[PDB]
Each structure stands twice: as structure tokens, then as C-alpha cells.
Amino acid sequence: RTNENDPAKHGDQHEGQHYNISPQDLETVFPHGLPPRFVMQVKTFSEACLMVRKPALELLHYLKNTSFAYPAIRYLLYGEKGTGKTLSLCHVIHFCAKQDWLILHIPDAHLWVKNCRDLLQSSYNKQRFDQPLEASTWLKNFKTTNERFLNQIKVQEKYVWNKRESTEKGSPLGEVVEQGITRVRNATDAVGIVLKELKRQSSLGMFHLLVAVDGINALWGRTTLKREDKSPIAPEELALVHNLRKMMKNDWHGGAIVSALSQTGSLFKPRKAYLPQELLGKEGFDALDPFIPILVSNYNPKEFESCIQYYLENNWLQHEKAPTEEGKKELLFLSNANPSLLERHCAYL
Amino acid sequence: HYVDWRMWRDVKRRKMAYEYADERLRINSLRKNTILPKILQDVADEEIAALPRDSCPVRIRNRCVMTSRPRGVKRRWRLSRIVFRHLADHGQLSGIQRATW
Amino acid sequence: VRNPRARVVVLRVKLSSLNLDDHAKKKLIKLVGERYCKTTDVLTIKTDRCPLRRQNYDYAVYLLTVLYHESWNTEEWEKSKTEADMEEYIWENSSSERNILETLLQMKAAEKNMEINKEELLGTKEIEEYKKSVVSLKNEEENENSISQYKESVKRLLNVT
Amino acid sequence: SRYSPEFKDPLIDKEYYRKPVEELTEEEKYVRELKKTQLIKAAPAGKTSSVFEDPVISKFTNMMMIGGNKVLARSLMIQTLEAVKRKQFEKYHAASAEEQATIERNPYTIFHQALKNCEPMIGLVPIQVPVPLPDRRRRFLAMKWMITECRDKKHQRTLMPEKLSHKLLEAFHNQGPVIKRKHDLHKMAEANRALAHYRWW
Amino acid sequence: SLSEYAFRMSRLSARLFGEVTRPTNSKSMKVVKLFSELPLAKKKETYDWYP
Amino acid sequence: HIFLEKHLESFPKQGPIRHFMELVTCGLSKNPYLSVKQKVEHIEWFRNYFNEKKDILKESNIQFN
RNA sequence: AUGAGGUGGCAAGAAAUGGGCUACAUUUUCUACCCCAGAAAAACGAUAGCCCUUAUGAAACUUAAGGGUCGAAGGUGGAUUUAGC
Ligand SMILES: Nc1ncnc2c1ncn2[C@@H]1O[C@H](COP(=O)(O)OP(=O)(O)OP(=O)(O)O)[C@@H](O)[C@H]1O
Ligand SMILES: Nc1nc2c(ncn2[C@@H]2O[C@H](COP(=O)(O)OP(=O)(O)O)[C@@H](O)[C@H]2O)c(=O)[nH]1
Ligand SMILES: [K+]
Ligand SMILES: [Mg+2]
Ligand SMILES: [Mg+2]
Ligand SMILES: [Mg+2]
Ligand SMILES: [Mg+2]
Ligand SMILES: [Mg+2]
Ligand SMILES: [Mg+2]
């Protein structure tokens, strides 16, 4: 594994080499958004080693060479199912967190467009619907992630939560975050206000802002939610989706936008869809256009060997014949170097 | 000299239906639409009812042409299963053969 | 000797074999619908309406004649073409063009060297490459080959390498 | 069976073929020569030459299968193995250095030892009479007892991977309703001991 | 739903091919098939069933 | 065989009767079995029926002729 | 007329019984996909009941399909018994 655990200093020489993430960093940075299987692996091994891969290295280099004066650049982690797109986004997130950016991290947009039972028409705007449970759940993890930067932000308007309760210009954004977290009915409006304030303050220069959205295609893919009349609800009618589209719009600077495509959890998209237009539809492609796609593919031989060595070091591959080169080749064939399939295979060996 | 009175009745029904099909089609076209006035559709309904009973196509029964069997009649040959089996087994129907697969 | 299936006629013609411009070809394609196979660029008209073979053949020829003449003819409502009404994507006056224009304007505003113009910005070879890549993605086969070109063009335009 | 009786079952074992000619006996040489003239049934889609092929686990998966849902049966088996391994790793880490020596972590070893502990020695057959059990019947009874115990309704809303992993660990430690059932069979056999003479074989 | 361009093009195509031009419901569309097909009785299989 | 609407000279150029006769003519034109004389006979029958029922048409406010 | 024709009419369930279907769920249910996902989970469970619409038909409470409404019985079932190499 790498002796260089710094997210910013590790470079091409560390390709296919591991990279540790301390439990304190995990608690402070990833209350959400880690793949469930990787979370389970972390809990099992008491470690959070991520392999330094070429896509993550390239995206890190782009972010380092960015110029905050220009409007926020949109990068799109892209590729096949279970190739490490989400973990590459997590790597970039950890890098920026250690670089002291405000990380507006959406762990999975797909969760916001299905299964919601608390869906209600938004009081602030009857045209749109609110998702109080999801809003509060995201807000809690967002506060946990970026509490230190939260106090510094000065809100620029007066936001009324009722005819009697409001938050005033010059107040910390922590006030709005706490209001949304506590008063569940106002969580969606709090999330919208937070997105607005972060987007504008990044341009003002108050702080560097990294928007990091997984499953970005959900912002334009059809939703499975229904009205009271059993009628389908378009994605924009959700307040969270509307505000996140506004955030994705590149009409701001002082930050960068990184989105990761994900067929998993997507609605009305075939399994073998991994191209950007195919996953995003034409609407989403034009919305995110222009953007820089970053491909993530199956492990190269060195990455495969490094991952196998990590598993052997942890003794995860308890199978007697797993260490043998025959077992190594069997795993390589069965997973075809796909990290997700290889992890699932090694899960029961 | 049809096989039985039932076959004779079915023949009468087929003749009557062929005779009145055009009139039935015309009158039923008015009823089976949502354009013309409901009063016109109702008068058309009473007229189609007024047409003779045997003219109704639903009253045509597909009986075997050789034994007047009211059921088990293969449409392609218009023969009850018994008569069709007789002829096919004796080999008097082209192509048909005992199936084995 | 009668057989109802004998009255069916099929007229096949390659649209490219006719004297048709782009507009007339597209209008004819949209008028005829699934009767035209794009893979072979073949319009096939099946006539079974008339009782007789000669009648069906003459009707098929008449259908071809009227379709051709009306495709060449242009209707007033044609002007009201929704951007999605086109079988092909046109970069000009497109969301991609608007977005890249606004992005370049914002970039130069941030640079504070606002000595630019829309046509000046969009005439650069970089914009030509970006337009080519966008058209490739929207109209040609989507693949890693096209995605690489799009990525390179967008990188050069955004000034990140 | 579409196979004629002449067809012989396939032998999938790389070592058997890589064995040098010198080590072969005359009987083995004759068998190898004969097999060159015999027809061989197409290898079933179940078993392969993968070093990670465990026939015991494959048979357990087949037994757990319902209505030909082999994919779901395999998924349940792999989930159970993963759960067993994860529980073992958690116990290993939570345990002291001494107990870490004792704490096993190989799910295959755990599964095999659990089924072996659940194998019953003496059965009962109507003739009821205590009787010896052949090895195949012992193994099948162990597997079926495990699967039935996991399928018992007494467990509410708990998923099969978790249920089976818990029962497998209990059996590996010589506890649980499966071992209780084996003990009950042994006790009934002891109680009917006196009737052992009724058996004519 | 459909762009007016597509709507007008479809109606013009219907006019060209002799199809129904005016909008119509499924119930009333039955007349088109009723008059396109022969009546069940008028079919030879139906009225000449018996020799 | 196809352009049968030229026979609908007597019927109103608009209204429920015109729409229904448009449907009937489309069906007859699509019909490949009936002869031209039989199609014209169907149209004539509808004409006669509506002429006979003109009283109901006037009562229902559907202009005829 | 024990023949022929026409109009109209039964066909329900005190009760039992054979077969089949649907279930009693977590190896389940809903959704996406059609097999690397997210939710449900005291809900599961009617193809049953009632109302409406539509298909066919001259005629639909009679038939079928759909929609709405309802969320019922039941919680793997005794002896015994069926089929399967
Ligand atoms: N760079 C990496 N370092 C470590 N593990 C990785 C890496 N990339 C993938 N993995 C492994 O694969 C899984 C992560 O894959 P990930 O969740 O990113 O999939 P994805 O392909 O981006 O998209 P999806 O699976 O949602 O289609 C984990 O099990 C992890 O162990
Ligand atoms: N309740 C409430 N929500 C607000 C307020 N200001 C902003 N928001 C949130 O942000 C949204 C308004 O965003 P804005 O940029 O004004 O544009 P809009 O969404 O098109 O109106 C609202 O729908 C809320 O989600 C406010 O004063 N009260
Ligand atoms: K039963
Ligand atoms: Mg992923
Ligand atoms: Mg009948
Ligand atoms: Mg009598
Ligand atoms: Mg029902
Ligand atoms: Mg009706
Ligand atoms: Mg229910």
C-alpha cells in the first residue's frame, strides 16, 4: 500500500497502489454516499483502503489545475456498471474535503425519485412537491460533513417558515440547516435555500464549493412517484430535483461540479446502458453540456493484482486455493477484471 | 333432404342471414357509432330489433355438413371429429396423416 | 381460379433514385412513416384496396405520384417546426450552441478581458471541433470513439488539460 | 434418458489426466485405454473444473432450490457464506489474541464441520427399529434437517442468509435445534434399542 | 403532446392515403371496419356452409 | 373504387351526417370485395334513410341537404 | 303426433363431494431492469362481493376485459392419498 496517504500528493506513480482513509476522516466526510458493499467491507476490515486509479488521478489533476474565476466546470465520471465510479467520486470528495472545500455531496439522486411516501405538495410553491424525509436525511449528513464551514455563511434574505417564524439576513446558514433538520415539514425548503446560498456564496468567493452528485441521470430520468390521482410526476416537479438542476447549471464559479453516472438504481433504463447520452437522455445531456466525461473501466492487470494482494493481506480470501495462481486466474476470468464483480466473488471466498 | 330438422333450421337461418345481411349492416352502422343523434340511434335500434329473428348472425350454428353434429366441428373441413377421423383414417383426405413426434 | 391474395401489389422504390432535395426527402419520409426503411432507403407501398391487380397497381403508382408531388410542395404550417420535429440534430440555434456561447462569455467576463463577440468566439477552430463532436454524438453512433472526441473538444474549449 | 446405456458419466478432474503414465497401474492403464473407445455424457452445466467448486455446497444449493430457481438458490448460498465469514471476522477482531487462535474464519470449513456435526449416526426404519445409516443418507439427512430448520416459520421476517448463517455457526459449535434434532433421533433409537432384533439385516 | 407539425403531417398523410381525416373515437371507428370487411353472413364460408 | 366521396353530393358538407358519411365512405373504399355498384348502393341507401328520417334530423337540429 | 314450427322460460343452492386455480409470504410483495438496485413487511392474501366503463352481440345482472370500491377466509393443513427416474 502507499506510504502516501495524502489525497493531494499521491500521483501517477501510485497508480494501482492503495490509499488509506482514517476512521476520523470517514466519520467527518462520508456519513453517506459510500457504496453499501464498500461500507460493509470497511466495517469488516476496520480499514478504508481505496486503490489509486487513473480516472480518479485525472479528475484530481483537473481539480488541482482548475481556475476558480471561470464558471464551474462539469466533470462526469462515466462507464460501465460497478467499475468504481462512485468510489472515484468518493476519492475526489475526500481530496477536496482535506483541501477544505464545502462538499455539497448528493450520495444518490435515484433515492429521491422513488419509494417516497411522505411526498407532499410544496407549501412555498404548490406547483412542486416536497420530500421531507429525504430532505432531512440529506441535511443531517450534510451538516455532519461541513459543520465547520456552516457557521461562516451569512444568509442574504429573509426566509419565512411560517406566518410567525422566519430566519433573517445576516444569520448563519447553520440556522437554516437546523431549522430544516428539526422542523421536518420545512426540510425541503431548507435544502433549497442551502443550495441557493452555497451557489451564490461560491461566486462571491466566500469558499470553494465542490458539488458531487451520484446518479446524476436521475435529475432527468422519469420518476416512479404518483399523484393522489395515481398520475405520474415529472422529475422537475420535485423541489429537490428542481434545486439540484439549478445547482448543476454552470452559471456560477468558485467551485467545480462532479457527477457520476449510475445505471444501478436508475428508472426506465436498460442494464447494458452505460453511454452518457443513453443514461442521461437528450434533455440531461443538453442540461449538463458542455462537460468533460471521465471513463472508468475494468481493472488493468496491475490493479487486479493490487486488489487481490489487499484481500490476501486482510485474509479475506479464506479459501484454501485462493492464493494459488489458478485461483487468481479463475477470479480474473469470472470478474473479467470488473471491481464490483470481483468484490462480490471474493465476498464468499 | 338435409340430415335432420336441426340442419334444416340452420340452413334456413343461413339463408335468412345472407338475405338480410346488407340491411342489418346498414342499420347497425348507425347504432355502432357516437356521432349521430341519440334519437336516430334509438329508432335504428328499434328497427334492427324489428328485423326478423332468424336473420341474427349469432343464431348461425356451425354444424357438421355430413352428420349435423352441433359440436366438435373442425372449421377448415366443416366435418365433425368423428367423420373427419373416419375419412382421414381411411386415407381419403390429402396430406392429413397420423401425427407422431 | 380466384384467390384474394392475388390482388396485392407491392411497389418498391429507393428514394435516392428519385429527384428529391433534402427538404422534400424528409417531408416524404415523415408523410409515409414506417413504409420507408432507412437501412435500405427504400419506400415500399402495399396496395390491397382495389379488387383487381391492375386497379391496385394503378393505385400504387398514383400513391407514389401524389406523395412525390406533395413532398415537393411546401405547406405554410411547415414553418412551425418544433426543434424535436427534425429527424436530425442541428448544432446551429441549439441548446449546445447556446450553452457553449454563454460559457465562453462567462469565461471572458471572469478573465475581465471582455474584448470578444459571439461570432468571433464561435468561429474558432476549437468551436468547429466541438460542433463536429456534438453532431457526431447526437446523430451518429454513440460510442467511446465519439465520447473521446467530445471530451477533447470540451477540454480545449474550457482551457483544462 | 436420451443417453443410451453405453454413454458413461464424465470425469472432471484435471489431476486425473495430468497424472504421469508411470504412476499408473496396469488396471488404471487399461481403464484409460478403454475410456478412449467409450462415449461420454456431456458435462452437466452444474459442475466444472474450477478449484472453487465444492460439491457439498453445490448439493446444499440444489436442495435449497425451489421451482428451478437455481440463480436465487446460488445467491442465497453465497450470501450465507459471506455472512458467516463476516461474523467470524467480527468475532476475531473483538476477541483477544489467545481466542483469535481458536476463532475459525473459513466459511467452507465452518459449513463442512457444521454439517458433519449435524450428521446422525443411527436412524429409525419401520420393520420402528434402530438401524445403521449409510453415509449418503447421513449427509442427506444433515442437509435436509438444516434446510428445514432454516425454513421453519418460527423465525419471523428474518432472511434466509442470516438464519442459515446463525444456524450453521450454532451447529459448528455443537448447539442449536439441528443438533437437538440429531440428539432426539439418537434418544428415540436408544429407547427402541430393545426392538433392534426385529431387523432381519 | 404531439407538435402541430407532426399533427398536420399525419393528417395530410391520412388525406393522401385515403384514411380517416377527422378525429374520431374508438366507438365510432367501428364503422370503418364494419364497412371495410364483408358481413359475416355474406362470406362464402358462412352462407354456403352446407352443400 | 377509392375516391367515393364524390358521391356524397346530396349530404350536408358539415355536421354529424357528414362525419358519419366520411367514415362510411372510408370503410367502403377500404373494402376490396364489394363492387363499385354495391358501394354506391350502400351510399344511396344511407341517403334514402336520412331523407326519410329528415323529420328526426330537423327535430334534433342536424341540418340536412 | 312420441312429428314439425314459433314465443317465453330453468341453469339456484339446504348439503355433500372430485378436479383445477389463487393463496397462506421474506427463497415473499411493489417498482426499475430482466437478474450487482430501492422500498414494504401485520402486511401477505380474492380471478370473491358491489359500482362504473369497454369488447361481441338484435338482445350482457347473464359472457369476457379493464377500471374503481373491498382488503374477506386462511397462516403449510388428520387419517389417507396423487404424480414423478
Ligand atoms: N477504486 C476502487 N478502489 C477500491 N474498490 C473499488 C474501486 N472501484 C471499485 N471498487 C470495488 O467495487 C465496488 C465499488 O464499485 P462502485 O460502487 O463504484 O460501482 P460503479 O460502477 O460506479 O456503479 P454501479 O455499481 O452503481 O453501477 C466496491 O465493492 C469496491 O470494493
Ligand atoms: N420556504 C421558503 N423557501 C425558500 C425561500 N427562499 C428560497 N426558498 C427555497 O428556494 C426555492 C426558491 O428558489 P429561487 O432561487 O428563489 O427560485 P424559484 O425556486 O424558481 O422560486 C423555494 O422553492 C424553496 O425551496 C423562502 O423565503 N421561504
Ligand atoms: K393442502
Ligand atoms: Mg457505483
Ligand atoms: Mg354460437
Ligand atoms: Mg313434439
Ligand atoms: Mg376484483
Ligand atoms: Mg352494445
Ligand atoms: Mg393489502
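Residues numbered from 1 in each chain as written, not as in the entry; some residues may be left out. Chains lettered and ligands numbered in written order. Part of a larger assembly, values for the part shown. Heavy atoms only, no water.

Per the PDB record, the structure was determined using cryo-EM to 3.2 Å resolution.

Draft legend 1. Structural view of a positive patch on the surface. A cluster of basic residues, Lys81(A), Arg271(A), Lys272(A) and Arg344(A), forms a positive patch at the surface. Assignment of secondary structure puts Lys272(A) in the loop between strand 10 (255-260) and helix 10 (276-288). (Patch = residues over 30% accessible without salt bridge, like charges linked within 9 Å, V, L, I, M, F, W, Y side chains within 5 Å. Areas by Shrake-Rupley, 256 points an atom, 1.4 Å probe, with all protein chains shown as cover. Salt bridge = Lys/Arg side-chain N within 4 Å of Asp/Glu carboxyl O. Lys, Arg positive; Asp, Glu negative; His and termini not counted. Charge placed at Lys NZ, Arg CZ, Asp CG, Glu CD. Helix = DSSP H or I, 4+ residues; strand = E, 2+ residues; numbered from the N terminus.)

Draft legend 2. Expanded view of the protein's contact with RNA strand G. Of all residues adjacent to RNA strand G, which total 46 residues, the nearest are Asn115(A), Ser340(A), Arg9(B), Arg24(B) and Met160(D). When atoms of RNA strand G within 4 Å of the protein are split into backbone and base, the sugar-phosphate part holds 72%. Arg344(A) places a polar side-chain atom, nitrogen or oxygen, 2.9 Å from a sugar or linking oxygen of RNA strand G. Here a base nitrogen of RNA strand G and a backbone polar atom of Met64(D) are 2.9 Å apart. Sorting the residues of the surface near RNA strand G by element identifies helix 13 (339-347) of chain A, helix 1 (5-31) of chain B, helix 4 (70-94) and helix 8 (160-172) of chain D together with helix 2 (26-36) of chain E as the ones contributing at least two each. The class makeup of the residues in the surface near RNA strand G is 19 nonpolar, nine polar and 18 charged. (Near = heavy atom within 4 Å. Polar contact = N/O pair within 3.5 Å; in protein donor to acceptor, adjacent residues only side chain to side chain. Nonpolar A, V, L, I, M, F, W, Y, C, P; charged D, E, K, R; others polar.)

Draft legend 3. Molecular detail of the site of ligand 1. Residue and element names in this part refer to chain A. The immediate surroundings of ligand 1 are formed by 17 residues, with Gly 82, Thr 83, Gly 84, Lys 85 and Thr 264 found nearest. Here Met 51 contributes a backbone N or O atom positioned 3.3 Å from a nitrogen atom of ligand 1. Contact distances for ligand 1 include 3.0 Å between an oxygen atom and a backbone N or O atom of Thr 86. Notes on ligand 1: free accessible area 620 Å², of which the protein chains cover 91%. Sorting the residues of the shell around ligand 1 by element identifies helix 4 (85-98) and helix 13 as the ones contributing at least two each. Looking at the shell around ligand 1, its residues break down into five nonpolar, seven polar and five charged.

Draft legend 4. Summary view of the arrangement of the chains. Here seven pairs of chains are in contact, and chains A and C lead that list by number of contacts. There is no contact between chain B and chain C; across them, the least C-alpha separation is 17 Å. Nothing in chain D touches chain F; the tightest C-alpha to C-alpha distance between them is still 51 Å. (Contact = heavy atoms within 4.5 Å.)

Draft legend 5. How the structure looks around the interface of chain F and chain B. Taken together, the contacts link 16 residues of chain F with 16 residues of chain B. Both faces combined, the contact of chain F with chain B buries some 1300 Å², and carbon together with sulfur accounts for 78% of it. Contact with chain B buries surface across chain F, with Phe20(F), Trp45(F) and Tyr49(F) losing the most and accounting together for 37% of the total. Along the contact surface separating chain F from chain B lie one salt bridge. A salt bridge links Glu47(B) to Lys53(F); the nearest nitrogen and oxygen atoms lie 3.0 Å apart. At the surface where chain F touches chain B, the tally comes to four residue pairs in polar contact. (Buried area = accessible area lost by both parts, 1.4 Å probe.)

Draft legend 6. Expanded view of the sheet that holds strand 4 (residues 102-106) of chain A. Residues and elements named next belong to chain A. Pairing within the open sheet is parallel, and its five strands lie in the order 4-9-10-3-11. Every interior strand has two partners, whereas the edge strands, strand 4 and strand 11 (292-296), have only one. Between one strand axis and the next, the sheet turns by 15° as a mean value, whatever way the strands run. In this sheet, strand 10 lies alongside strand 9 (residues 209-214) in parallel orientation, the contact comprising six bridges. (Pairing = 2+ DSSP bridges. Axes fitted to C-alpha atoms, helices over the stretch in contact; angles between N-to-C directions.)

Draft legend 7. Inspection of the sheet that holds strand 3 (residues 42-47) of chain C at higher detail. All names here are of chain C. Strand order in the open sheet made by the three strands is 1-3-2, with antiparallel pairing throughout. The sheet is open, and its two borders are formed by strand 1 (9-14) and strand 2 (36-37), each paired with just one other strand. Alignment of strand 1 against strand 3, held across six bridges, turns out to be antiparallel. In the sheet register, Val 13 faces strand 3, and the bridge partner there is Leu 43. Against the sheet, helix 2 (residues 53-72) touches strand 1 and strand 3, its axis set at about 140° to strand 3.

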